[PDB]
Amino acid sequence: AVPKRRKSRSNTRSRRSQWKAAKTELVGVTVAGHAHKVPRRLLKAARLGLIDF
Amino acid sequence: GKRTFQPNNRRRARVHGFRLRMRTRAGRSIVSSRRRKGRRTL
Amino acid sequence: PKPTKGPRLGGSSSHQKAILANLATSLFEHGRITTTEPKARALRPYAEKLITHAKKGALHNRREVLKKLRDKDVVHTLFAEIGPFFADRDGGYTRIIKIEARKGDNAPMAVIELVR
Amino acid sequence: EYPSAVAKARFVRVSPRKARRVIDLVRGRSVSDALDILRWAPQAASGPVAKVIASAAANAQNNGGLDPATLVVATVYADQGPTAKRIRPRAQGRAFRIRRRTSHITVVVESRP
RNA sequence: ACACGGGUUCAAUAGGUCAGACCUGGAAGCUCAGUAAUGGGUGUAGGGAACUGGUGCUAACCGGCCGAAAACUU
RNA sequence: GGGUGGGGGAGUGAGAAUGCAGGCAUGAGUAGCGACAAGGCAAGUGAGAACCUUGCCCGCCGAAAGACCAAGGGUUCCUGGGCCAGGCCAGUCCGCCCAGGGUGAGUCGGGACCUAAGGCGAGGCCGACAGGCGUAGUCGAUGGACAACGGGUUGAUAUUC
RNA sequence: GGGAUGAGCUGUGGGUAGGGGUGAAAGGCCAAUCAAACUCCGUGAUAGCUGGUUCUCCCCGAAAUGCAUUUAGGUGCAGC
RNA sequence: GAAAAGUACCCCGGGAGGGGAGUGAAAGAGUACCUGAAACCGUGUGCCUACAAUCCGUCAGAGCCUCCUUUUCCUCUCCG
RNA sequence: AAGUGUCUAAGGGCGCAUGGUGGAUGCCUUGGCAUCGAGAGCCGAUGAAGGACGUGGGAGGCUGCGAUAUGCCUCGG
């Protein structure tokens, strides 16, 4: 079926705003160089070395 | 079977080619028409 | 290895078999192998079982490892060096590490390693 | 009030909604905190956004004579750009349009300790 | 999807490893019989996924976040 | 470039015609991303790599998903660069863009041979004119004579060098 | 699934053309819409039918009846 | 743009793109360029909104923010 | 004990400020349409009109030209 009517910009915007993006960072991680803020997921390959950047 | 339009230089020319348009009077008329309109005629 | 629920890797189960045997071939080649994390999650038990046979070390273990890895020579190395290298560890032969997700599909990549 | 640097990427071929879903992740956050956030954001519009946040911090340093370790992103826009309507042919000879929307990222950084 | 529940080194949470319950059905090799097909021995073998219990080997990683202080009356 | 005063003159006023053109919204970051052949692993280049190159696995076709010709296309061929457009994603690559190069015949296939169906058709009959039909004849291969084979070569041509 | 040495399939080249072609006939096909193709022209056809007709105010302000009608959803005359 | 004087030079970038510089009277004229409408898309900011229906307005209307201000006022009015 | 008392903003609306999209309005113009006036009123087998193919130092297009090919000779300005 088709949209019977167009959306009142209220509803449109109200769930364009539920199109978020996630987050996590683990600041202050000493590696070769100056402490990089790799995410908590990856910090084992941050330590060991198996991470670009 | 499943066929649409079959290209050919021989049939294209032997029908919608100049040397056949000028082979009559309605075709001389048609080349005249397209030369009036200013095309790149045929 | 218990099976996997859900859609098997690659395509169907046959391609999952082939994927696993290939990943284990190159794991017992280089030791350090990058895949996407679900491939490594499927391969860690599978590879650890193969290496259990490796540190067993007998023609029946060779003949039950050659029923996974076709290659005679990577398995020569399995039952030559990788096998005895685990003279101590009872279980725990491989190790997963997290790499950054592959650009182009954001596929969570992981490097699986023979422990040393 | 402040010595606030500026920068703007124009005609980045990244659609502004996809670009703003990443913009909303540095809204008022330290400049290098924001760069260190957009390096790990998978949202794959982090390319342009991080490039121009770093460009703005660089402009601060090199043209406004400021120090990196104080900046903080004050404004980030993702203005519309042109759209370059491609044609996609679909089922039963009906020919549908495909907008090539592009954006203008716009950064303004400040200095406030 | 999210959620929910369990666990995070004082760990049995997943994995591996060991001993099981079970599934299959009698491994490979060697040996002996047989013209041979094949059959007996080593030998409930051998293989093995979920079920059970062990065991600190692998992964839970020397974390990031968000979070109170009440305006007061009979 | 316009005021305002007296006048002349209007393609003079839009909210509708499933109106017309341009732009831009809602659906919506949603469907889809074009077959039930299957991919990866190491290395490289690179700003950037699931897709590009080298390898090695692994797999699918193999009366075709291989190798050739005819038409058809018309440079898509090869070398070099490019990645501001397209490739249903990305691309460092590309049948894309740009430059430049590349197609060699006595024998291959056609015309310098022949003709069938059929076309045209000197004179010609018929038609009111337009035209129609046609003889001699000249075209018309899809067919009939006709002289080259084996191998080597380049980035791209081969019974051609 | 039917046919599959045949009333077979297919290639090349050619012929038949719009009240005409062709049709083992269905009014089927004649370049993706054939009870008469498509295009340019008559042409801006035409419709008693449908839709649309754009700025302001001040005053006045109906009708949906009569008669006739190839006429009854139109119109002419009257009435208002 | 009157004239190309079309942004030398450094800076971020792999490029596009920008920042500063400079040209120009104007960059609020940058080879996406005279003026730059509206739809449309954002950023910020004052109000309101998570017990509540209501062609989405209108009227009555508390409050909250607004600039503006007369003064109790401070008599530093010899400057708000 | 009983009673009262807003603060919230995931996000919406409204208004302002600041932008972007787009290209309307204004003002043009290397373009048309419409007439008036004076001509001229045909070209071609001595090959027309209309073109293909080429021609420039270098790509193409338009234009000029034609293997003598943005040209050749004389007369003039």
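A.B. asks: So what exactly am I meant to see when it comes to the overall build of chain A here?
C.D. replies: When its secondary structure is counted, chain A shows two helices and zero strands. For 53 residues, the compact-globule estimate of 2.2 N^0.38 gives 10 Å, and chain A exceeds it by more than 25% at 21 Å. Each principal axis of the C-alpha atoms in chain A carries an extent, and together these give about 60 × 20 × 15 Å. When the 53 residues of chain A are sorted by exposure, 17% land in the buried category. When the accessible surface of chain A is totalled, it reaches about 4500 Å², and 52% of it is carbon and sulfur.

A.B. asks: What should I look at first to understand the overall build of chain B in this one?
C.D. replies: Counting its regular elements, chain B contains three helices and zero strands. Principal axes of the C-alpha set define a box for chain B whose edges measure 40 × 20 × 15 Å. By the burial criterion, 7% of the 42 residues in chain B qualify as buried. Approximately 4400 Å² of chain B is accessible, and the part contributed by carbon and sulfur atoms is 46%.

A.B. asks: Explain the protein's contact with RNA strand G to me, please; I cannot follow it from the model alone.
C.D. replies: Residues and elements named next belong to chain B. Around RNA strand G, a shell composed of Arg3, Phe5, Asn8 and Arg11 is seen. Here the atoms of RNA strand G within 4 Å of the protein split so that 88% fall in sugar or phosphate, with bases taking the remainder. At 3.0 Å from a phosphate oxygen of RNA strand G is found a side-chain nitrogen or oxygen belonging to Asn8. Note that a phosphate oxygen of RNA strand G is positioned 3.2 Å from one of the side-chain N or O atoms of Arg11.

A.B. asks: Can you walk me through the sheet that holds strand β5 (residues 103-111) of chain D in this structure?
C.D. replies: The strands making up a sheet are joined through hydrogen bonds of the backbone, oriented either antiparallel or parallel. Residues and elements named next belong to chain D. Read from one edge to the other, the open sheet built from three strands follows the order β1-β5-β2, with strand pairing classed as antiparallel. With one partner strand each, in any of the chains shown, β1 (6-12) and β2 (71-80) form the two edges of the open sheet. Between one strand axis and the next, the sheet turns by 15 degrees as a mean value, whatever way the strands run. Where β1 meets β5, six bridges bridge the pair, whose relative direction is antiparallel. Considered in β5, the bridge of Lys8 is made with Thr106. Taken strand by strand, helix α1 (residues 16-23) contacts β2 and β5, and its axis lies near 165 degrees from that of β2. Against the sheet, helix α3 (residues 46-64) engages β1, β2 and β5, with an angle of about 150 degrees to β1.

A.B. asks: Would you explain the protein's contact with RNA strand I in this entry?
C.D. replies: Surrounding RNA strand I, one finds 13 residues, the nearest of these being A:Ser10, A:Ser14, A:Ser17, A:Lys20 and D:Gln80. Backbone polar atom of A:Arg13 to a phosphate oxygen of RNA strand I: 3.4 Å apart, as the coordinates give it. In the environment of RNA strand I, a base nitrogen lies 3.3 Å from a nitrogen or oxygen atom belonging to the side chain of D:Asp79. Its residues assigned to classes, the surface near RNA strand I comprises one nonpolar, seven polar and five charged.

A.B. asks: Got a minute to help me understand the interface of chain D and chain A in this structure?
C.D. replies: How big an interface is tends to be stated in terms of accessible area lost as the parts join. Counting residues at the interface gives 11 residues for chain D, matched by 13 residues for chain A. At the boundary of chain D with chain A, total buried surface from both sides reaches about 1100 Å², with 60% on carbon and sulfur atoms. Sorting the residues of chain D by area buried against chain A places D:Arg17, D:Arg39 and D:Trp40 first, and these three jointly supply 52% of that buried surface. Where D:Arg39 meets A:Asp52, a salt bridge forms, and the shortest distance between an N and an O atom there is 3.2 Å. In this structure, the connection of chain D to chain A is made through one residue pair in polar contact. Residue assignment for the side of chain D that touches chain A shows that the elements contributing at least two residues are α1 and α2 (31-38) of chain D. In terms of residue class, the side of chain D that touches chain A is made up of three nonpolar, one polar and seven charged.

A.B. asks: Would you take a moment to explain helix α4 (residues 72-85) of chain C for this structure?
C.D. replies: All names here are of chain C. Taking 1.5 Å of rise per residue, the 14 residues of α4 would be expected to cover 20 Å, and the 19 Å separating its terminal C-alpha atoms lies within 8% of that figure. At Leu78, α4 shows its maximal kink, close to 40 degrees. Turning to α4, its buried residues number three or more, namely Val74, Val75, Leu78, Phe79, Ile82 and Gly83. Residues of α4 that are buried in the fold lie against α1 (13-30), α2 (37-56), α3 (59-65) and β3 (109-114). The distance from a side-chain oxygen at the start of α4 to the backbone nitrogen of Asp73 is 2.5 Å, and the residue carrying that oxygen is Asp71.

A.B. asks: What is the right way to read the arrangement of the chains from this model?
C.D. replies: Ranking by contact count across three pairs of chains in contact places chains A and D at the top. As for chain B relative to chain A, no contact occurs, and the smallest C-alpha gap between them is 33 Å. Of all C-alpha pairs spanning chain B and chain D, none lies closer than 15 Å, and the two are not in contact.

Reading guide: rules and limits
Residues numbered from 1 in each chain as written, not as in the entry; some residues may be left out. Chains lettered and ligands numbered in written order. Part of a larger assembly, values for the part shown. Heavy atoms only, no water. Helix = DSSP H or I, 4+ residues; strand = E, 2+ residues; numbered from the N terminus. Rg over C-alpha atoms; globule rule 2.2 N^0.38 Å. Buried < 20%, exposed > 50% of the residue type's maximum accessible area, 1.4 Å probe, protein only. Areas by Shrake-Rupley, 256 points an atom, 1.4 Å probe, with all protein chains shown as cover. Near = heavy atom within 4 Å. Polar contact = N/O pair within 3.5 Å; in protein donor to acceptor, adjacent residues only side chain to side chain. Pairing = 2+ DSSP bridges. Axes fitted to C-alpha atoms, helices over the stretch in contact; angles between N-to-C directions. Contact = heavy atoms within 4.5 Å. Nonpolar A, V, L, I, M, F, W, Y, C, P; charged D, E, K, R; others polar. Buried area = accessible area lost by both parts, 1.4 Å probe. Salt bridge = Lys/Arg side-chain N within 4 Å of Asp/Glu carboxyl O. Expected span 1.5 Å × (residues − 1). Bend = angle between axes of the 7 residues up to and from the residue.

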